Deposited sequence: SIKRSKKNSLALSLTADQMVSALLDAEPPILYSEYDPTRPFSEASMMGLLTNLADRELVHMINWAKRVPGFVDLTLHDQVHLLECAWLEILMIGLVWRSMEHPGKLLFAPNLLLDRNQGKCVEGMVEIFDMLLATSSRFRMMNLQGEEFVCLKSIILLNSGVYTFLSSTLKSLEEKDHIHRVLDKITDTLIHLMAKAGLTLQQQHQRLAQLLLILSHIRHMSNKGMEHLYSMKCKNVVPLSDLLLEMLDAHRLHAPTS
């Protein structure tokens, strides 16, 4: 209920306030040291993601089962959009942490994924993506990515998905408000809205590819992964 009553400006303030902190990583790299740094970081980011999700308007209205499902579906997309955002102002580089800013050209399989991440950062930069927009988009990923993979046909199930869709519409309203505020014409607003949401298709793609990479990493059992990360990965082979 809170979310449906919020103004555009209050939604934005709520989302800005909810933002997680930027964390740090732990001489020369090996293939092993590298991925360990990244998975250790991911694990620490995931704990902060959970607190953030609980502060996304609408999310705590959902059942614990629905919250788990949305986070299991979205978590890598959310890490990735955060990474892209942090990297916007660093052309050719990915800012994994303020003390781990990595260029493209040593982890078997990582380059294709790095390149997709760099292209998305470059796209954000070209659109001059704003912080207020970014937080709207990250909340859309949380609420959208698993919304169609709700299985039960029950009356409680649909009331659920309907609430999620009403929240999603409010976030769309919020993006449009920001664009209108910024001086965009109606035509420009609609165009920009589409441009931003089409990037989410690319973020989904990158997550799917990254998940495949992470699964092969797990089986090979040479890089240590947290119990939590192993859980989250487990959800995607299901």
property	result
Stretches of the record's deposited sequence for which the structure holds no C-alpha atoms	1-8, 35-38, 118-120, 254-258
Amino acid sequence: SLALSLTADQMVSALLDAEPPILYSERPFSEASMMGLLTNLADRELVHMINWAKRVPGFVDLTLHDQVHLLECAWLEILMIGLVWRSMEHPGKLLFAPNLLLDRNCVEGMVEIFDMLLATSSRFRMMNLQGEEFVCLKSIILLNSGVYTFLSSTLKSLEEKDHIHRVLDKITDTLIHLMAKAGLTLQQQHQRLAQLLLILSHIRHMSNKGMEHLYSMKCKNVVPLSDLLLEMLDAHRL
From here on, numbers count along this sequence of modelled residues.
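Rigid core: the largest C-alpha set superposing within 1.5 Å between the two forms.
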{"item": "Of 58-66 and 209-217, which departs more from this form in 8 other deposited structures of this protein by CA RMS after core fitting", "value": "209-217"}
{"item": "Flanks modelled, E89 absent in at least a third of other entries", "value": "no"}
{"item": "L155 coordinate gap across at least a third of other entries", "value": "yes"}
{"item": "Entry-level comparison of average CA B-factors, 34-42 and 192-200, reporting the higher stretch", "value": "34-42"}
{"item": "Entry-level comparison of average CA B-factors, 171-179 and 206-214, reporting the higher stretch", "value": "206-214"}
{"item": "Options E77, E108, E132, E72 - largest CA temperature factor per the record", "value": "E108"}
{"item": "Selection from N128, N144, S153, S121 [criterion: highest C-alpha temperature factor in the record]", "value": "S153"}
{"item": "Lowest, middle or highest third - CA B-factor, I140", "value": "lowest"}
{"item": "Assigned third (lowest, middle, highest) for the C-alpha B factor of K54", "value": "middle"}
{"item": "CA B-factor placement of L102, once the chain's modelled residues are sorted into thirds", "value": "highest"}
{"item": "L95 - Cα temperature factor, lowest/middle/highest third of chain", "value": "middle"}
{"item": "Where the record places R27 (Cα B-factor, split into thirds across the chain)", "value": "highest"}
